[PDB]
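The chain below stands alone and is given as structure tokens, in the form deposited in one PDB entry.
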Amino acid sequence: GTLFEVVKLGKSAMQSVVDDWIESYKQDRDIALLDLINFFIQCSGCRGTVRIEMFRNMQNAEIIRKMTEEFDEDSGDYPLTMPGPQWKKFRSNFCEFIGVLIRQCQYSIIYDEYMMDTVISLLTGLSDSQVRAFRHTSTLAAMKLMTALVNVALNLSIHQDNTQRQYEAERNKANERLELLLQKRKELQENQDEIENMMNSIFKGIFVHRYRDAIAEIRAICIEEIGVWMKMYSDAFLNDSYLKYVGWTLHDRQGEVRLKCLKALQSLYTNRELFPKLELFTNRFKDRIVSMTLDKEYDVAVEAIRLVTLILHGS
């Protein structure tokens, strides 16, 4: 509305486009998911357009194969790898968009059994594309999606704590206000459970394949982001099964990737509370970690020395 109401509210570029999308979704889901699908397709640098009757008749496999056919056979150069000056902040807007979208959907739409299954399906299928641009765009998106879901789970944890307190204050006094709180307690656990299944799909469907991708930037993206999930939500993500992937990737040929493992590991070891869950990992990868303090790459070696310094200050 008025200059004042707009300024007072102060909506980001990405929040404005998300809120319009969400309203579009509420009028027609199919058209809105179609526009979201064509978003991931166009962000990959694909010239093609998924039509609504393709959306309603075809599987992802065929949609993707059909959209695969509409690339520039000549150029392998796409928005996540174009230098600029436009494409400067595209990558930043592309990442913020995903976060905002899920943040804004996180109380209803996210749970409607259609929006997230449509997205994770497409992103999973694009992530197995032979086309470098599809793998890279989808995989980045999927990683950022995962992070956004982990925040959904963190907010749910605060709401569970609030409701637990409210139930206990009301118990210590069985009217309508109790069973409602017992019912909100149950609904929030069910919400956590559904978020977990989406996280499991993205992890089993995309992360565990892309982390060892041929492209070094894809490897980097996975490793950086699993670092984030482990710091943010240790109970679910910081375990020997997942640390294995951070461990195995210390040996990466490319400096950028190794750098990312080390920074991933710094953010865990820095945390006095997480150290007991790192003991076995330190033992299995001590040699490889410690080797990297004189890594041929100067910027890696620096980060390994910081790591080892953190590891030491722990015990």
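In this text, residue numbers run from 1 along the sequence as written. Rigid core (definition): largest C-alpha set, two forms, superposition within 1.5 Å.
We do not show the form deposited with a partner chain bound, though everything after this point is about it.
Colleague: Although the partner isn't part of this model, could you tell me whether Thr163 comes within 4.5 Å of the partner chain in the bound PDB entry, counting any heavy atom of the residue?
Modeller: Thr163: no, not in contact with the partner chain in the bound PDB entry.
Colleague: Using heavy atoms and a 4.5 Å limit, would one call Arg171 a contact residue for the partner chain in the bound PDB entry?
Modeller: Contact with the partner chain, no.
Colleague: Even though the partner isn't displayed, in the bound PDB entry is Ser129 close enough to the partner chain, meaning a heavy atom within 4.5 Å?
Modeller: Yes, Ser129 lies within 4.5 Å of the partner chain in the bound PDB entry.
Colleague: Under a 4.5 Å heavy atom criterion, is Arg212 part of the interface with the partner chain in the bound PDB entry?
Modeller: Yes - in the bound PDB entry, heavy atoms of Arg212 and the partner chain come within 4.5 Å of each other.
Colleague: Could you work out which of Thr282, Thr68, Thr49, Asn60 is the residue within 4.5 angstroms of the partner chain in the bound PDB entry, going by heavy atoms?
Modeller: The option sitting close enough to the partner is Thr68.
Colleague: Exactly one of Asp193, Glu73, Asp235, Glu176 has a non-hydrogen atom within 4.5 Å of the partner chain in the bound PDB entry; which residue is it?
Modeller: The option sitting close enough to the partner is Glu73.
Colleague: Have a look at 184 to 192, 213 to 221, 149 to 157, 97 to 105 and name the one stretch with heavy atoms inside 4.5 Å of the partner chain in the bound PDB entry.
Modeller: In the other structure, the partner sits against 213 to 221.
Colleague: Please name the one residue from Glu187, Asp128, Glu196, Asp72 with a C-alpha displacement of 2 Å or more between this form and the one not shown, using the rigid core for the superposition.
Modeller: If I go through the list carefully, the shifting residue is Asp72.
Colleague: After fitting the rigid core, is the C-alpha of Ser24 off by 2 Å or more between this form and the one not shown?
Modeller: The answer is no, as the C-alpha of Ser24 shifts between this form and the one not shown by less than 2 Å after core alignment.
Colleague: 2 Å or more on the CA of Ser291 between this form and the one not shown, with the rigid core superposed, yes or no?
Modeller: Result for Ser291: no, shift under 2 Å.
Colleague: Would the C-alpha of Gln86 be classed as shifted by 2 Å or more between this form and the one not shown after rigid-core alignment?
Modeller: After core superposition, the displacement of the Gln86 C-alpha between this form and the one not shown reaches the 2 Å mark, so yes.
Colleague: Specify closer or farther for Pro85 and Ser92: how their Cα atoms are spaced in the bound PDB entry versus the shown form, given a shift of 3 angstroms or more.
Modeller: Their C-alpha distance shrinks by at least 3 Å in the bound PDB entry.
Colleague: Given that the CA-CA distance for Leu9 and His159 shifts by 3 Å or more in the bound PDB entry, does it become closer or farther?
Modeller: Relative to the shown form, the pair is farther apart.
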